[PDB]
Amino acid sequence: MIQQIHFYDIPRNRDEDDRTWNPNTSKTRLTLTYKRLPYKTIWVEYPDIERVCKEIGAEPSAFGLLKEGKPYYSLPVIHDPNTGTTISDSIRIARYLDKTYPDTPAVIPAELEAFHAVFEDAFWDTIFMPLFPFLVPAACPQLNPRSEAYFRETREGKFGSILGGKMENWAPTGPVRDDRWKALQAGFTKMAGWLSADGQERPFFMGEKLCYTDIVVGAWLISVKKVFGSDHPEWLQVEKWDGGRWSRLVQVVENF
């Protein structure tokens, strides 16, 4: 028995039972629940993140990734009162939870680190960029007004010219939305090919044992399902892609 970990999450404008949504933060929430570690959520809205980080003393995760000159403060962040430690960046948190609690199933063993880093770069071009003009426009009006104004302005300032300016132009219903939906499906099919490269259909990257890179894929899937709604026609298609493999993974991480 130990104290509840402090898990800093980003809310949308919904009641608390439905307030979690974010892809990156879900990596850590799913890491905590896989390890069955007790936690409480502490909600921080987008425009308050760096201030809230600076006050509890969590490091930034990257540098100049929004404004070239200043560090990038992000969620997830955990504070573990059992050790007094504050950790930011979902992968740094996972290692922390591996080392602090060896009883829990290890998620990122040393043997996985370089291959998972390969995956993060593969996943960026293959899944994240095809998915971005879908998830981001859809999550934006779900935020409360201050969060939406910060989310819209920062993400339009960064990905704006690469996609078509304002978020309504990213995937507008028509030939635009059709082509991007195609390239998103291709990316998931490419990713299923990695999983079946030996001629079999393993459930997880390592085989039957699950690790952090399965959590990562699940976190983004859980985000799309939470943001679109589990009966949205575009989520219902994702459920069927590649033999329903993505549906099986979501089932796995939901039942952690």
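In case it trips you up, residue 1 is the first one in the sequence shown, and so on.
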Practice task
With reference to the PDB entry, specify whether the mean Cα temperature factor is higher for 157 to 165 or for 179 to 187.
Solution key: 157 to 165
Fill in the blank from the handout: Ranked by mean Cα B-factor in the entry, 126 to 134 and 70 to 78, top stretch is 70 to 78
Exercise for the section: Using the entry's values, work out which of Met206, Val227, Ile215, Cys53 has the largest Cα B factor. Expected result: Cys53
Handout entry: Residue with highest C-alpha B-factor in the PDB entry, from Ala62, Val44, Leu210, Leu30
Key = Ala62
Practice task
Compare the C-alpha B factor of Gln237 with those of the other modelled residues in its chain, then answer lowest, middle or highest third.
Solution key: highest
Problem - Relative C-alpha B-factor of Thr86, binned into the chain's lowest, middle or highest third - result: middle
Exercise for the section: State the tercile, meaning the lowest, middle or highest third, of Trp170 with respect to the CA B-factors recorded for its chain. Expected result: highest
Exercise for the section: Would you mind ranking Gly57 by its C-alpha B-factor against the rest of the chain and naming the third, lowest, middle or highest? Expected result: highest
Practice task
Name the third of the chain's ranked CA B-factors that contains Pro102, choosing lowest, middle or highest.
Solution key: highest
